[PDB]
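Novice: Residue numbers (full-length UniProt numbering), protein chains in the order written: chain A, 3 to 154, 159 to 471; chain B, 6 to 154, 159 to 471; chain C, 6 to 154, 159 to 471.
If you scroll down you'll find the structure; I have some questions about it.
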Amino acid sequence: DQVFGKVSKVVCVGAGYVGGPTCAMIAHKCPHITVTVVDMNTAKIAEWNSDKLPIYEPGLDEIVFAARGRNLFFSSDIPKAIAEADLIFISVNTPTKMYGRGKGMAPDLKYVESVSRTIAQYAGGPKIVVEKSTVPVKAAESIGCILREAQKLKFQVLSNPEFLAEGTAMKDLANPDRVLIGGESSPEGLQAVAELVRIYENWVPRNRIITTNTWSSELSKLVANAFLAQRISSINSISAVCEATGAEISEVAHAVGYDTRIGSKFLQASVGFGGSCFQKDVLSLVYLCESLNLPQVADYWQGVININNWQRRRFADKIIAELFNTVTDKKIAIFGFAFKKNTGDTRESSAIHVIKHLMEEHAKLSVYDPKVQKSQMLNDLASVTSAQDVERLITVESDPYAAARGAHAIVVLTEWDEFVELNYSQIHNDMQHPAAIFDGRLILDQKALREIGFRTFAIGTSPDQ
Amino acid sequence: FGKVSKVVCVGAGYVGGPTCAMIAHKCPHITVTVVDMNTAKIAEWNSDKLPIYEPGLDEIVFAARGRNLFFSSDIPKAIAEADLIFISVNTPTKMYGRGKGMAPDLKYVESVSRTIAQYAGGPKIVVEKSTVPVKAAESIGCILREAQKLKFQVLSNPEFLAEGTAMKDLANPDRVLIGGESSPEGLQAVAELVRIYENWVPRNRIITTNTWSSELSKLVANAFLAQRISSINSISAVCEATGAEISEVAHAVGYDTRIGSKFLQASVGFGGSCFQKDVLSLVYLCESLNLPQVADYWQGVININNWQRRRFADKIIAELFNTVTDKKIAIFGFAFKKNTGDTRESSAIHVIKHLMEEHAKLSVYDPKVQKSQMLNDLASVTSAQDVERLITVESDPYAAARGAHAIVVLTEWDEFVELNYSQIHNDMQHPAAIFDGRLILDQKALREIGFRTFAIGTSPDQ
Amino acid sequence: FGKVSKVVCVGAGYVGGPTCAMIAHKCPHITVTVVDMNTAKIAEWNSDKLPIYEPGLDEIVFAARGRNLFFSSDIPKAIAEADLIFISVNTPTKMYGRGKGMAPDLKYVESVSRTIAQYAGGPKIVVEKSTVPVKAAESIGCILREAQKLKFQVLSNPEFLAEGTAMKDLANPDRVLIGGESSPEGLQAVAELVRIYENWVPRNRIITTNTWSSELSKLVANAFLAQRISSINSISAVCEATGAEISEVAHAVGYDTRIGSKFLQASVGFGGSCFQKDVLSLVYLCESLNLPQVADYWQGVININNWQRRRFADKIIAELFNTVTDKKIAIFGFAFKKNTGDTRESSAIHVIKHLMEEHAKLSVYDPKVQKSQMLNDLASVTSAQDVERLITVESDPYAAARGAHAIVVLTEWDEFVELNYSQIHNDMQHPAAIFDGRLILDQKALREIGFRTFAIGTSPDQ
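Following this line, the structure appears as structure tokens:
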């Protein structure tokens, strides 16, 4: 009684960082399947169809340009792709709600819903529908309900979470730690799961494909990200203890990370974690727990976010304090803006939030980042303050020496390699005196900077041994 | 300082004995004495029956005892001869006063530090081996300097050691951790202790730090471990509420190699003598430092553990109509984990106590734990009176289950899997209920027999 | 389920006795048997002196007993033969554990259910007569379902009886309420109980609902009644502060026909075995459903009751120079309301307790409550030793009042009005105070005698 047969036609709705690369891998490993990536952004589709792909990922040019026009297609004709597909990935944003119930915590399902309604309209036959972009738990229930309405057509909804990072996407897709698939505990559900497993089996060992119920798969994505962020918050909390006692956080992280049950990854203390994943997913899970009347669990995971914001705040406090509790019109140089090194991504960057704290104190801020666009920077800061306030307080530099010049303080907020072995003796010389340096990323040599004559601070080190 | 040929350790229990046995084993040229005021414990160490059971410890001790391993109760004398001294006594938790329930009582560390001060003779290296609160070396350091008003350095070298794998763990440790003073004299004494470990441990696995980094590392490491468990336990309740399954989640999550798959077993809650103690010790530290933000964060780990136990008992009570006065319920398991009779901080103790507060009649079976050990443990969290009134103890699980209204599994013993649960069901009160705090039983199998069946991290209704 | 001909009630108390007597009385064809474990109580029911006094009850019982009404201690036999079984047992409040002080204990309801399951034999209709928590019927049903692997339905038929008017309440009820399962078999079972009641109750006063609506309706009705008293009592304090009179307010408010004129008597506070119990049951239910807003809303009724007693006692203590150690205070009234010996949740108990905490010497007079009941009541909220020290019980109000500094009316007995308050004033300590917690005395008259006089709901300084 076979309702879903072998998939030969795959569509992904959403041509962004998740959808594009994932489809490309499918087309590359599965020459028998037609894969079409659709998006109503006709300019972005034109980019994927051009000689310069809209994202840079190592290995991706080779893949897309070999397959495009053969078994990989990029189109803006969404109804036609939907009508012809056997399996449809949904790869859209779930922006955080800005107002109302779950403000600042709940994912907004408007795009997911929009795609589901389009599939309902244009499907024509039985489809497997697959949640690829991060969703709140029970999103598949909402999708299911939208699709079931059109069955007056058979649909199964699967969860297949992404585990991609920027810069390593092709390696992450070609050699994943695991592939996770969740579906309905039902015969039709098992059939649909099996057809998606069959796709991945083309290139992924069966024992690295993990199949679960739909809710476990959706939950596992949030929880995995929560566990990672918890590691960072746990170490960052201990950084304050080190500061208070004369222990060293670099030394504790080493000793702790050598237990094989804990592991040595994600144990770098910092001014705090950033990016479009960690806070968003931890807050999604908090909101979920609140909504389930599990306030104890909610409070437990909120602590991850509490520590992160406390790290950022207490770091800025220390800058404000050491500058005599007064910084109106006073020049401070920020080294770094992007949420981590080696990107232009600013989403949830600790730098945005530390700078905001210093803008409150009316500081005059000179920002340098190797990669982030000037326009992006000024838009970011405006969104958390005002266009007026950044006009007043914010100068962006294309040079680190131009930022540090005549500043009372240096603050390193992104861990760029090029900040290590700047000419710090010269920086010292052209600063105000006494001169202060704050290392939020633990990349600088404390001993050397001390010898140069800086008042020098790092997270996780006591100021006086 | 001062190359080291004579090593002494004060305290002859689960840390100091096994540690000294391994040092002698892998360094023949070092004479190792273990000292202790309990002469009968020293007698046990010098007999054919050693006082503690470690796998492969007998044959390490017997092939070294008399040769370069020595058990004495002459504490002053071994102190007098030594180059390097380990301190390996308890720091039981304060029972009252400042840090009641949280702060380690430094009274044995103090006693021994004062004994070192008297009967010294020369320069010593003094090493904290058993778990201490951070800056306990300051307190040792201060006692010892009142003898040199004789040239000391105090060192931290924490234990990383499970029961039943102590020999395995000593011979092939994940890491060896040593801290001392940041000074020429301090860096000397670190090197001299490094030397000893280099005799059998790769230099790459030997980490050296300052004293506080090392003291703090021990507590934080156990804190990270407990946190993984409380984290997954927190998620077990999400699973119950959504229809997700905790086994499926831990599986998916653990395959991230940055997270790892160890310590993601959900349960009624963690136990044993290190986890809660070290977490609370860390919570106390952070309070003392005016870091209330950090104290709250770590207290969360304990809060969830306690909450996991409370909510499991609440489910048992609720299922049995919110009334369990004089109702029979069987408890399968009492030890804090399987394959031991150690009951320290056991979740079984606390879930039974919650059930005793409702005046439940409780028949306990554990395969290993002594009847005397059980009744005394339950007494110390309740009363000798209440345990007399409420607790029976069986050495047959089938006798516990006979006439019971509920079965409650609290320890993950393998024998609890595939008892005759069809028989058990028939000899129970009906409706019959079973509650799995350890995720070892087959839910679909129990359902089909006709149990009303519950497991942590699984939704009741499918 | 056939037309019912044998009715059993398990529980021979204030509810089951009278209700069965009325059924037996109005339904000559039906054999009614009241059963109880308490052989002495059944003995009383079989004697020339029934164990309760109700107007009209003797006439009904003595005419029917041994014809179609029987009182037995043979529960298994009666269960066996019944078509329809009423459960009329206490659900005393949990004294420990989950819901302590708030949740009803279903132990007796469980007891009876398991006896029904054991001894039934055929189809039974099983009817919750005494007040149960919502979902009690589910727990009943789960016990009875296990037995039929016998054909059971569980109904709710709440009691609306009051002491002193039980026979009129039963013969001419405001409404009869029955809830059953949302099922053909459920609707059948309801029809058979509705047929029993249609023998004397018009059909338009018989109300049929689902089981949960019925169980809930009982608690909510008593909660609404208690709320009226706490509402008017909250306003009594506003009267005192402004110069309004509570008696005038109650009369004006009560003349609105949508409000109604009943249960608007201000007092030192409501009591009895129903009001606090059922509100606190409702409050516990709300907490259990995660409706903390509704829980808090209903807790307000009890908060005001307790605050009314507390503030009245505070007024006594303040007037008496804020010191009452060794100082004699006379208490007029101990029963929860006039014309009864029932003391359960009596405001007098809690006001006397407050006064005992200040080591006042209380001489208590009630026309009806027994000395031994009084002493035992007071001991249960203090101690046997406290009551021997502080409490004297008198058989005469002038004896109580002699040498007193205060008089305190706590129960609205008619004999307290038009005692000789001139003579009382003369024999008191001076200044002499009087406090009317029941609004039965003449304030002007007492003022004229020279009392410092106070009443709830009247401003002291006119």
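The beta carbon of each residue, even a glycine, is placed where N, CA and C say it ideally should be.
Please decide whether residue 196 of chain B counts as near chain A, where near means a Cβ-Cβ distance under 9 angstroms.
Specialist: Answer no: the Cβ-Cβ gap between residue 196 of chain B and chain A never drops below 9 angstroms.
Novice: Listing by chain order, which chain C residues have their CB less than 8 angstroms from the CB of residue 138 of chain B?
Specialist: Correct list: empty, because the minimum Cβ distance to chain C is about 37 angstroms.
Novice: So residue 468 of chain C and residue 252 of chain C are supposed to be a Cβ contact under 8 angstroms. How far apart are they, rounded?
Specialist: Rounded, the Cβ-Cβ distance is 5 angstroms, consistent with contact.
Novice: Check whether the stretch 109-120 of chain A touches the stretch 184-202 of chain A, counting contact only when three or more Cβ pairs, one atom from each stretch, lie closer than 8 angstroms.
Specialist: Contact fails: fewer than three Cβ-Cβ distances are below 8 angstroms.
Novice: Would you mind stating whether residue 302 of chain B and residue 246 of chain A have Cβ atoms separated by less than 9 angstroms?
Specialist: Yes, the Cβ-Cβ distance between residue 302 of chain B and residue 246 of chain A is below 9 angstroms.
Novice: In terms of residues, what are the limits of the alpha helix (DSSP H) holding residue 305 of chain B?
Specialist: Element bounds for residue 305 of chain B: 301-328.
Novice: Cα-Cα, which of C/193, C/248, C/425 and C/32 is closest to residue 465 of chain C?
Specialist: Nearest C-alpha to residue 465 of chain C: C/248.
Novice: Check whether chain B comes within 9 angstroms of residue 104 of chain C, counting only Cβ atoms and requiring the distance to be less than that.
Specialist: By this cut-off, residue 104 of chain C is an interface position.
Novice: Quick one: list the residues of chain B neighbouring residue 112 of chain C, beta-carbon separation under 7 angstroms, in chain order.
Specialist: Going along chain B in sequence order, the residues near residue 112 of chain C (Cβ under 7 angstroms) are 332 and 334.
Novice: Examine chain B for any beta-carbon lying closer than 9 angstroms to the beta-carbon of residue 108 of chain A, and answer yes or no.
Specialist: No, residue 108 of chain A lies away from the interface with chain B (no Cβ there is under 9 angstroms from its Cβ).
Novice: Please report whether the beta-carbon of residue 397 of chain B lies at a distance below 9 angstroms from any beta-carbon of chain C.
Specialist: So no, residue 397 of chain B is outside the interface.
Novice: Closest to residue 243 of chain C by CA distance: which of C/177, C/305, C/317 and C/221 is it?
Specialist: When each option's Cα is compared against that of residue 243 of chain C, the closest is C/317.
Novice: Please report the Cβ distance between residue 444 of chain A and residue 417 of chain A, rounded to the nearest whole angstrom; I am assuming they are in contact, meaning their Cβ atoms lie under 8 angstroms.
Specialist: 5 angstroms between Cβ atoms; contact.
Novice: Say whether chain B places a C-beta atom closer than 9 angstroms to the C-beta of residue 25 of chain C.
Specialist: No - not a single Cβ of chain B is within 9 angstroms of the one on residue 25 of chain C.
Novice: Since residue 35 of chain C is in the beta strand (DSSP E), which residue starts that stretch and which ends it?
Specialist: No beta strand (DSSP E) holds residue 35 of chain C; DSSP gives it neither H nor E.
Novice: Which residues of chain C have a Cβ atom closer than 7 angstroms to the Cβ of residue 439 of chain B, listed in chain order?
Specialist: The answer, in chain order, is 151.
Novice: With distance defined between alpha-carbon atoms, name the residue in B/412, B/336, B/326 and B/280 nearest to residue 420 of chain B.
Specialist: Closest by alpha carbon: B/280.
Novice: Are the CB atoms of residue 228 of chain C and residue 331 of chain B within a distance shorter than 9 angstroms?
Specialist: Going by C-beta atoms, residue 331 of chain B is not nearer than 9 angstroms to residue 228 of chain C.
Novice: Using the Cα positions of residue 15 of chain C and residue 39 of chain C, report the straight-line distance between them to the nearest angstrom.
Specialist: If I take the Cα positions, the gap works out to 6 angstroms.
Novice: Roughly how many angstroms lie between the CA atoms of residue 485 of chain B and residue 63 of chain B, to the nearest whole one?
Specialist: Nothing about residue 485 of chain B can be read from this structure; chain B reaches only from 6 to 471.
Novice: Helix, strand or coil: which one does DSSP assign to residue 129 of chain B?
Specialist: Of the three classes helix, strand and coil, the one that applies to residue 129 of chain B here is coil, per DSSP.
Novice: So, helix, strand or coil for residue 162 of chain C, using DSSP?
Specialist: Strand.
Novice: Is it the case that the Cβ atoms of residue 407 of chain C and residue 379 of chain C are separated by a distance below 9 angstroms?
Specialist: In this structure, residue 379 of chain C does not lie closer than 9 angstroms to residue 407 of chain C by Cβ.
Novice: Using a 10 Å radius around the Cβ and a threshold of 16 neighbouring Cβ atoms, would you call residue 300 of chain C buried or exposed?
Specialist: Exposed: under 16 other Cβ atoms inside 10 Å.
Novice: From which residue to which residue does the beta strand (DSSP E) around residue 351 of chain C run?
Specialist: Note, residue 351 of chain C: premise wrong, no beta strand (DSSP E); not H, not E.
Novice: If you follow the beta strand (DSSP E) that residue 442 of chain B is in, where does it begin and where does it stop?
Specialist: Counting along the chain, the beta strand (DSSP E) containing residue 442 of chain B begins and ends at 442-445.
Novice: Evaluate contact between the stretch 363-371 of chain C and the stretch 391-399 of chain C, counting only Cβ atoms and requiring at least three cross-stretch pairs below 8 angstroms.
Specialist: Contact holds: three or more Cβ-Cβ distances are below 8 angstroms.
Novice: Cα separation between residue 86 of chain A and residue 104 of chain A?
Specialist: Taking the straight line from one Cα to the other gives about 37 angstroms.
Novice: Check distances from the C-beta atoms of the stretch 82-105 of chain C to those of chain B and list, in chain order, the residues that come in under 8 angstroms.
Specialist: Those residues of the stretch 82-105 of chain C that come within reach of chain B (Cβ to Cβ, closer than 8 angstroms) are 99, 101, 102, 103 and 104.
Novice: Quick one: Cα of residue 447 of chain C to Cα of residue 454 of chain C, how far?
Specialist: So the two alpha carbons sit approximately 16 angstroms from each other.
Novice: Give a yes or no on whether the C-beta atoms belonging to residue 180 of chain B and residue 152 of chain B are separated by under 9 angstroms.
Specialist: No, the Cβ-Cβ distance between residue 180 of chain B and residue 152 of chain B is not below 9 angstroms.
Novice: Considering only their Cβ atoms, is the gap separating residue 298 of chain A from residue 250 of chain B smaller than 9 angstroms?
Specialist: Yes; because the gap between Cβ atoms is below 9 angstroms, this pair is in contact.
Novice: Return yes when the Cβ of residue 95 of chain C is within less than 9 angstroms of the Cβ of residue 144 of chain C, no when it is not.
Specialist: No, they are not a contact pair.
Novice: Starting from the Cα of residue 440 of chain C, find the closest Cα among C/272, C/422, C/71 and C/415 and give me that residue.
Specialist: Comparing Cα positions, the closest option is C/415.
Novice: Shorter than 9 angstroms from the beta carbon of residue 368 of chain B to some beta carbon of chain A?
Specialist: Chain A, which has no Cβ nearer than 9 angstroms to the Cβ of residue 368 of chain B, makes this no.
Novice: Just to make sure I have the definition right: I need the residues of chain C whose C-beta is within less than 7 angstroms of the C-beta of residue 433 of chain B. Which are they?
Specialist: Result: empty, since nearest Cβ-Cβ is about 16 angstroms, beyond 7 angstroms.
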